[PDB]
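Asker: Sharing structure_34.tsv here; it has TSV, C-alpha atoms.
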chain	number	residue	atom	x	y	z
B	30	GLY	CA	-121.40	54.16	120.89
B	31	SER	CA	-123.39	53.86	117.64
B	32	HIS	CA	-127.05	52.96	117.41
B	33	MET	CA	-127.42	52.09	113.75
B	34	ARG	CA	-130.81	51.12	112.35
B	35	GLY	CA	-131.93	50.16	108.85
B	36	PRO	CA	-130.10	49.76	105.49
B	37	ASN	CA	-127.27	51.89	104.15
B	38	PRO	CA	-128.72	55.24	103.00
B	39	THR	CA	-128.80	56.53	99.44
B	40	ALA	CA	-129.88	59.87	98.05
B	41	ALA	CA	-132.98	58.20	96.59
B	42	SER	CA	-133.91	56.50	99.89
B	43	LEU	CA	-133.43	59.75	101.88
B	44	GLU	CA	-135.40	61.79	99.32
B	45	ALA	CA	-138.42	59.43	99.15
B	46	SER	CA	-141.66	60.30	100.95
B	47	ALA	CA	-141.04	57.27	103.23
B	48	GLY	CA	-137.98	55.54	104.70
B	49	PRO	CA	-137.59	51.77	105.30
B	50	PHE	CA	-139.75	51.29	108.44
B	51	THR	CA	-143.53	50.85	108.66
B	52	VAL	CA	-145.08	53.68	110.65
B	53	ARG	CA	-148.02	53.85	113.03
B	54	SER	CA	-149.41	56.73	115.07
B	55	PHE	CA	-151.74	57.60	117.91
B	56	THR	CA	-153.15	60.68	119.58
B	57	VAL	CA	-151.99	61.25	123.14
B	58	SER	CA	-155.16	60.85	125.29
B	59	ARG	CA	-153.96	63.04	128.20
B	60	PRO	CA	-151.15	65.44	127.10
B	61	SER	CA	-149.15	66.42	130.18
B	62	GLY	CA	-147.99	70.01	130.16
B	63	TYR	CA	-148.77	70.79	126.46
B	64	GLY	CA	-152.00	71.21	124.43
B	65	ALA	CA	-152.13	68.08	122.25
B	66	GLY	CA	-149.84	65.45	120.74
B	67	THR	CA	-149.56	62.88	117.98
B	68	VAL	CA	-146.91	60.17	118.29
B	69	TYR	CA	-145.47	58.52	115.17
B	70	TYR	CA	-143.34	55.41	115.64
B	71	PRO	CA	-141.76	52.58	113.59
B	72	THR	CA	-143.22	49.09	114.15
B	73	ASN	CA	-140.09	47.34	112.96
B	74	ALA	CA	-136.85	49.35	113.48
B	75	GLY	CA	-135.07	46.28	114.91
B	76	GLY	CA	-133.99	48.02	118.12
B	77	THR	CA	-134.78	50.94	120.42
B	78	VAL	CA	-134.75	54.36	118.72
B	79	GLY	CA	-134.36	57.97	119.81
B	80	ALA	CA	-137.25	60.39	120.41
B	81	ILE	CA	-137.92	63.78	118.73
B	82	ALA	CA	-140.41	66.49	119.86
B	83	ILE	CA	-141.57	69.01	117.20
B	84	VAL	CA	-143.26	72.32	118.02
B	85	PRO	CA	-145.07	74.69	115.56
B	86	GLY	CA	-144.88	78.48	115.45
B	87	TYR	CA	-146.99	81.34	116.75
B	88	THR	CA	-150.69	80.90	115.88
B	89	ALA	CA	-149.93	77.50	114.30
B	90	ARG	CA	-150.90	73.92	114.97
B	91	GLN	CA	-149.60	70.39	114.34
B	92	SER	CA	-150.69	70.51	110.66
B	93	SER	CA	-147.85	72.98	109.86
B	94	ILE	CA	-145.09	70.53	110.95
B	95	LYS	CA	-146.95	67.17	110.75
B	96	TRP	CA	-145.11	65.95	107.59
B	97	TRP	CA	-141.97	65.46	109.71
B	98	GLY	CA	-143.64	62.79	111.87
B	99	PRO	CA	-144.08	59.94	109.30
B	100	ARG	CA	-140.94	61.04	107.44
B	101	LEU	CA	-138.64	60.81	110.49
B	102	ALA	CA	-140.44	57.85	112.09
B	103	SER	CA	-140.02	55.82	108.84
B	104	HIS	CA	-136.22	56.13	109.23
B	105	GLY	CA	-136.11	54.94	112.88
B	106	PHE	CA	-137.42	57.56	115.36
B	107	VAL	CA	-140.33	57.98	117.74
B	108	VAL	CA	-141.68	61.45	116.90
B	109	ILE	CA	-144.17	63.57	118.89
B	110	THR	CA	-145.74	66.58	117.13
B	111	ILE	CA	-147.46	68.95	119.58
B	112	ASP	CA	-149.96	71.75	119.84
B	113	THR	CA	-149.11	74.27	122.53
B	114	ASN	CA	-151.40	75.16	125.48
B	115	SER	CA	-152.14	78.41	123.63
B	116	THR	CA	-151.47	79.28	119.97
B	117	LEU	CA	-150.03	82.54	121.31
B	118	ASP	CA	-147.38	80.96	123.56
B	119	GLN	CA	-143.93	82.60	123.32
B	120	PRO	CA	-140.61	80.70	122.81
B	121	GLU	CA	-139.65	80.05	126.47
B	122	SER	CA	-143.09	78.52	127.06
B	123	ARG	CA	-142.79	76.49	123.83
B	124	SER	CA	-139.46	75.07	125.14
B	125	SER	CA	-141.05	73.97	128.44
B	126	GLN	CA	-143.87	72.28	126.53
B	127	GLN	CA	-141.46	70.54	124.14
B	128	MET	CA	-139.49	69.12	127.10
B	129	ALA	CA	-142.85	68.06	128.71
B	130	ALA	CA	-143.69	66.18	125.49
B	131	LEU	CA	-140.31	64.37	125.53
B	132	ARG	CA	-140.87	63.56	129.24
B	133	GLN	CA	-144.27	62.05	128.41
B	134	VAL	CA	-142.78	60.00	125.53
B	135	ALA	CA	-140.27	58.57	128.04
B	136	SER	CA	-143.16	57.77	130.42
B	137	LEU	CA	-145.13	56.01	127.65
B	138	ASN	CA	-141.96	54.03	126.81
B	139	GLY	CA	-142.35	52.55	130.30
B	140	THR	CA	-146.15	51.96	130.08
B	141	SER	CA	-146.90	48.31	129.16
B	142	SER	CA	-150.19	49.22	127.48
B	143	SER	CA	-148.62	51.95	125.25
B	144	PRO	CA	-147.99	51.30	121.51
B	145	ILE	CA	-144.38	52.53	122.12
B	146	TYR	CA	-143.68	50.36	125.20
B	147	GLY	CA	-139.93	49.52	125.05
B	148	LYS	CA	-139.42	51.21	121.64
B	149	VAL	CA	-137.56	54.30	122.86
B	150	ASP	CA	-133.98	54.83	124.00
B	151	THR	CA	-134.89	57.64	126.43
B	152	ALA	CA	-131.19	58.66	126.69
B	153	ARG	CA	-131.30	59.83	123.04
B	154	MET	CA	-133.60	62.79	122.44
B	155	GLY	CA	-133.84	65.58	119.89
B	156	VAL	CA	-135.81	68.76	119.32
B	157	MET	CA	-137.30	70.41	116.25
B	158	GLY	CA	-139.59	73.31	115.49
B	159	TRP	CA	-140.74	76.13	113.29
B	160	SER	CA	-140.42	79.88	113.96
B	161	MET	CA	-141.15	80.49	117.69
B	162	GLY	CA	-141.07	76.67	118.07
B	163	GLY	CA	-137.62	76.85	116.44
B	164	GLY	CA	-136.61	79.43	119.03
B	165	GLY	CA	-138.18	77.15	121.67
B	166	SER	CA	-136.04	74.23	120.37
B	167	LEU	CA	-132.85	76.33	120.60
B	168	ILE	CA	-133.80	77.31	124.18
B	169	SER	CA	-134.36	73.58	124.91
B	170	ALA	CA	-130.86	72.82	123.51
B	171	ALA	CA	-129.25	75.68	125.46
B	172	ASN	CA	-130.95	74.51	128.66
B	173	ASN	CA	-130.51	70.72	128.17
B	174	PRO	CA	-127.08	70.00	126.64
B	175	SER	CA	-127.79	66.23	126.94
B	176	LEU	CA	-130.07	66.58	123.94
B	177	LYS	CA	-128.40	64.86	120.96
B	178	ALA	CA	-129.58	67.05	118.09
B	179	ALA	CA	-131.68	70.03	117.09
B	180	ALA	CA	-133.15	70.85	113.66
B	181	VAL	CA	-135.16	74.04	113.34
B	182	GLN	CA	-136.89	75.87	110.49
B	183	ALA	CA	-137.07	79.66	110.15
B	184	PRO	CA	-136.32	80.07	113.88
B	185	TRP	CA	-137.16	83.19	115.82
B	186	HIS	CA	-136.49	84.28	119.37
B	187	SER	CA	-136.23	87.64	121.15
B	188	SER	CA	-132.47	87.05	121.42
B	189	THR	CA	-130.16	85.66	118.69
B	190	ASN	CA	-127.49	84.76	121.26
B	191	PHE	CA	-127.27	80.94	121.43
B	192	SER	CA	-123.52	80.92	122.04
B	193	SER	CA	-123.90	78.40	124.91
B	194	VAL	CA	-125.44	75.63	122.68
B	195	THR	CA	-123.22	72.52	122.49
B	196	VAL	CA	-125.93	70.45	120.74
B	197	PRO	CA	-125.47	69.71	116.98
B	198	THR	CA	-127.88	72.17	115.37
B	199	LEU	CA	-129.26	72.35	111.84
B	200	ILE	CA	-131.02	75.57	110.78
B	201	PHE	CA	-133.30	75.71	107.76
B	202	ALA	CA	-133.97	79.29	106.74
B	203	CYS	CA	-136.29	80.66	104.08
B	204	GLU	CA	-134.64	83.24	101.82
B	205	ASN	CA	-137.70	85.54	101.34
B	206	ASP	CA	-139.02	85.13	104.93
B	207	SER	CA	-140.90	88.31	105.85
B	208	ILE	CA	-141.87	87.18	109.40
B	209	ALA	CA	-138.43	86.24	110.78
B	210	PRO	CA	-136.11	87.71	108.14
B	211	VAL	CA	-133.06	85.50	107.67
B	212	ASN	CA	-130.41	88.19	107.80
B	213	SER	CA	-131.63	89.48	111.20
B	214	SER	CA	-132.80	86.16	112.75
B	215	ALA	CA	-131.78	82.67	111.47
B	216	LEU	CA	-128.33	83.88	110.27
B	217	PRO	CA	-127.23	85.67	113.48
B	218	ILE	CA	-128.57	82.68	115.46
B	219	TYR	CA	-126.36	80.39	113.37
B	220	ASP	CA	-123.40	82.79	113.67
B	221	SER	CA	-123.70	83.03	117.52
B	222	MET	CA	-122.99	79.32	117.99
B	223	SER	CA	-119.29	78.58	118.37
B	224	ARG	CA	-119.24	75.40	120.50
B	225	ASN	CA	-121.07	72.90	118.28
B	226	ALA	CA	-121.48	71.05	115.04
B	227	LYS	CA	-123.86	73.29	113.12
B	228	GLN	CA	-125.31	73.86	109.69
B	229	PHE	CA	-127.27	76.53	107.89
B	230	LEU	CA	-129.30	75.87	104.77
B	231	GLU	CA	-131.35	78.66	103.25
B	232	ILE	CA	-134.10	77.66	100.83
B	233	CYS	CA	-133.97	79.67	97.59
B	234	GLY	CA	-137.01	81.92	97.27
B	235	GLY	CA	-138.67	80.41	100.39
B	236	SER	CA	-141.38	82.20	102.37
B	237	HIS	CA	-141.80	81.77	106.16
B	238	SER	CA	-143.57	78.42	105.64
B	239	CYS	CA	-141.02	76.99	103.14
B	240	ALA	CA	-140.30	73.90	105.33
B	241	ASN	CA	-143.92	73.28	106.42
B	242	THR	CA	-146.24	70.45	105.46
B	243	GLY	CA	-146.89	70.39	101.72
B	244	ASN	CA	-143.78	72.41	100.75
B	245	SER	CA	-142.14	71.78	97.36
B	246	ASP	CA	-138.65	70.90	98.70
B	247	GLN	CA	-139.57	67.88	100.80
B	248	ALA	CA	-136.97	65.76	98.96
B	249	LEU	CA	-134.04	67.96	99.95
B	250	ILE	CA	-135.37	69.27	103.28
B	251	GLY	CA	-136.44	65.76	104.31
B	252	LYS	CA	-133.11	64.22	103.26
B	253	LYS	CA	-131.10	66.80	105.20
B	254	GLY	CA	-133.35	66.60	108.25
B	255	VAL	CA	-133.27	62.79	108.42
B	256	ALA	CA	-129.49	62.68	107.77
B	257	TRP	CA	-128.79	65.20	110.53
B	258	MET	CA	-130.84	63.37	113.16
B	259	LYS	CA	-129.45	59.98	112.06
B	260	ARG	CA	-125.88	61.23	112.23
B	261	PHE	CA	-126.17	62.95	115.61
B	262	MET	CA	-128.86	61.05	117.46
B	263	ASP	CA	-127.66	57.58	116.42
B	264	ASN	CA	-123.93	58.46	116.03
B	265	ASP	CA	-124.43	56.83	112.61
B	266	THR	CA	-121.42	57.75	110.48
B	267	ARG	CA	-123.07	56.17	107.43
B	268	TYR	CA	-124.83	59.57	107.39
B	269	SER	CA	-121.79	61.88	107.87
B	270	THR	CA	-121.55	62.95	104.24
B	271	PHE	CA	-125.33	63.41	103.80
B	272	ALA	CA	-125.48	65.39	107.06
B	273	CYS	CA	-122.32	67.52	106.57
B	274	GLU	CA	-122.00	68.15	102.82
B	275	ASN	CA	-123.00	71.20	100.83
B	276	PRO	CA	-125.78	69.93	98.50
B	277	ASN	CA	-124.53	72.43	95.82
B	278	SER	CA	-128.17	72.75	94.86
B	279	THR	CA	-129.92	75.52	92.92
B	280	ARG	CA	-132.69	75.04	95.55
B	281	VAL	CA	-130.35	76.47	98.21
B	282	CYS	CA	-129.37	80.11	98.16
B	283	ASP	CA	-126.91	79.92	101.08
B	284	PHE	CA	-125.11	77.02	102.82
B	285	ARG	CA	-122.77	77.13	105.80
B	286	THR	CA	-121.46	74.45	108.15
B	287	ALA	CA	-118.93	74.22	110.98
B	288	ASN	CA	-117.43	71.38	113.05
B	289	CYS	CA	-119.15	68.80	110.86
B	290	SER	CA	-116.63	66.04	109.94
B	291	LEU	CA	-116.85	63.91	106.73
Now, as a test, write the supplied structure out as structure tokens.

Answerer:
Amino acid sequence: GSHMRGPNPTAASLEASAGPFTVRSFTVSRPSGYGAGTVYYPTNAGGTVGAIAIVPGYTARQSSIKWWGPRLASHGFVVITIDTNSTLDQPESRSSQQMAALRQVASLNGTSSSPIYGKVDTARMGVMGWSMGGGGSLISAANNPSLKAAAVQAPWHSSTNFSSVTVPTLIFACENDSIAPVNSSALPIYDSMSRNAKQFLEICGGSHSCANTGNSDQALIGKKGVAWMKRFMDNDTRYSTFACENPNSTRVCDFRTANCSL
């Protein structure tokens, strides 16, 4: 049950600012259940692709996480980046809004006038987010085990207990995070999860925004992010080593993985 799109990956191709597919985007005219949305999609993936909803953190907007949209879409995903109803929404409300964005992407997939009409496999969905939107993504995964993958950056929630998550979950953490300190937030989140494929990659010297638009590790962070979603959303074993391996990089101060074969 593989869903392979595009050429065989290399380090160079996964590190580049763009993957193989040409990307277009549009603003959602009437966002249903969230504040605002931009959809990024490939014109030419050669088959239906999975969908990914990305949520920013507390006080933040789409600009903080926007770089993910073209980056993921160019490798064969429909990506929606959202603004929340309020910038001060808490994680549980961010999760609801993320799932509302995925719902609306599935609806647009069925709308003949939509630029993504027939482009989405609505059975294959994934969640991403930063900080409270990272917590929101983990709540989405806990609540909706049919989700195929989760990739979060510097996640925070009021509980670190995500022991019920069965969804393959990648956590980017930022070593010098002063907002959601790694050793009391991202790490115990990672450690709580015992039923899934999971990975933890802490960015050496990173502040809270170390995985946000314009960061200096887009080659590595982008490569790992794309590999993870390709491996788990497309069941694409051409990506098993990129997704599961320790990069052994001086850009990473801590790396952990479990239940991640090849």

Asker: Please indicate the distance in Å from CA of residue 47 in chain B to CA of residue 107 in chain B, rounded to one decimal place.

Answerer: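 Pair CA of residue 47 in chain B / CA of residue 107 in chain B returns 14.5 Å.
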
Asker: Name the residues in contact with residue 156 in chain B at a cut-off of 6 Å, using all atoms listed in the file, excluding same-chain residues fewer than 3 positions from it; report them as a list in words.

Answerer: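 Selected residues are residues 81, 82, 166 and 179 of chain B.
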
Asker: Which one is closest to residue 252 in chain B: B:216, B:52, B:101, B:89? Count only C-alpha atoms.

Answerer: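 Closest candidate: B:101.
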
Asker: Rounded to one decimal in Å, what is the spacing between CA of residue 259 in chain B and CA of residue 106 in chain B?

Answerer: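 About the pair CA of residue 259 in chain B and CA of residue 106 in chain B: they are 9.0 Å apart.
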
Asker: Counting all atoms listed in the file, what is within 9 Å of residue 122 in chain B, bar same-chain residues fewer than 4 positions away, as a ChimeraX atom specification?

Answerer: /B:113,118,126-127,165

Asker: Applying 8 Å and only C-alpha atoms, which residues near residue 60 in chain B remain after dropping the ones on its own chain fewer than 6 positions away? List them as a list in words.

Answerer: residues 66, 130 and 133 of chain B

Asker: Expressed in Å to a single decimal, how great is the separation between CA of residue 50 in chain B and CA of residue 105 in chain B?

Answerer: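 Distance reported for this atom pair: 6.8 Å.
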
Asker: Around the point (-142.5, 68.4, 106.2) (coordinates from the file), which residues reach within 10 Å if we count all atoms listed in the file? Answer as a PyMOL selection string.

Answerer: chain B and resi 46+92-101+239-248+250-251+254

Asker: Per residue of range 95-210 of chain B within 9 Å of range 261-277 of chain B, which atom pair is closest and at what distance in Å (one decimal), using all atoms listed in the file, listed by chain and increasing number, as a tab-separated table?

Answerer:
residue	atom	partner	partner_atom	distance
B:153	CA	B:262	CA	6.2
B:154	CA	B:262	CA	7.1
B:155	CA	B:262	CA	7.2
B:176	CA	B:262	CA	8.6
B:177	CA	B:262	CA	5.2
B:178	CA	B:261	CA	5.9
B:197	CA	B:261	CA	6.9

Asker: In the coordinates of the file, take the point (-136.2, 56.1, 104.0) and a cut-off of 6 Å; then, counting all atoms listed in the file, name each qualifying protein, DNA or RNA residue as a list in words.

Answerer: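 Residues found, by chain and rising number: residues 42, 43, 47, 48, 49 and 104 of chain B.
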
Asker: For residue 291 in chain B, which of B:152, B:226, B:192, B:120 is the closest residue, counting only C-alpha atoms?

Answerer: B:226

Asker: Name all residues at most 12 Å from residue 144 in chain B (count all atoms listed in the file; drop same-chain ones fewer than 5 positions away) and give them as a PyMOL selection string.

Answerer: chain B and resi 52-57+68-72+107+134+137-139+149

Asker: Store the residues picked out above, limited to C-alpha atoms, as a PDB file, in the frame of the given file.

Answerer:
ATOM      1  CA  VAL B  52    -145.080  53.680 110.650  1.00  0.00           C
ATOM      2  CA  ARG B  53    -148.020  53.850 113.030  1.00  0.00           C
ATOM      3  CA  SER B  54    -149.410  56.730 115.070  1.00  0.00           C
ATOM      4  CA  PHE B  55    -151.740  57.600 117.910  1.00  0.00           C
ATOM      5  CA  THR B  56    -153.150  60.680 119.580  1.00  0.00           C
ATOM      6  CA  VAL B  57    -151.990  61.250 123.140  1.00  0.00           C
ATOM      7  CA  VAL B  68    -146.910  60.170 118.290  1.00  0.00           C
ATOM      8  CA  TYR B  69    -145.470  58.520 115.170  1.00  0.00           C
ATOM      9  CA  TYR B  70    -143.340  55.410 115.640  1.00  0.00           C
ATOM     10  CA  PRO B  71    -141.760  52.580 113.590  1.00  0.00           C
ATOM     11  CA  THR B  72    -143.220  49.090 114.150  1.00  0.00           C
ATOM     12  CA  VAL B 107    -140.330  57.980 117.740  1.00  0.00           C
ATOM     13  CA  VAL B 134    -142.780  60.000 125.530  1.00  0.00           C
ATOM     14  CA  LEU B 137    -145.130  56.010 127.650  1.00  0.00           C
ATOM     15  CA  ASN B 138    -141.960  54.030 126.810  1.00  0.00           C
ATOM     16  CA  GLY B 139    -142.350  52.550 130.300  1.00  0.00           C
ATOM     17  CA  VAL B 149    -137.560  54.300 122.860  1.00  0.00           C
TER      18      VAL B 149
END

Asker: With distances taken over all atoms listed in the file, which residue among B:204, B:220, B:150, B:283 lies nearest residue 183 in chain B?

Answerer: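 Nearest candidate to residue 183 in chain B out of B:204, B:220, B:150, B:283: B:204.
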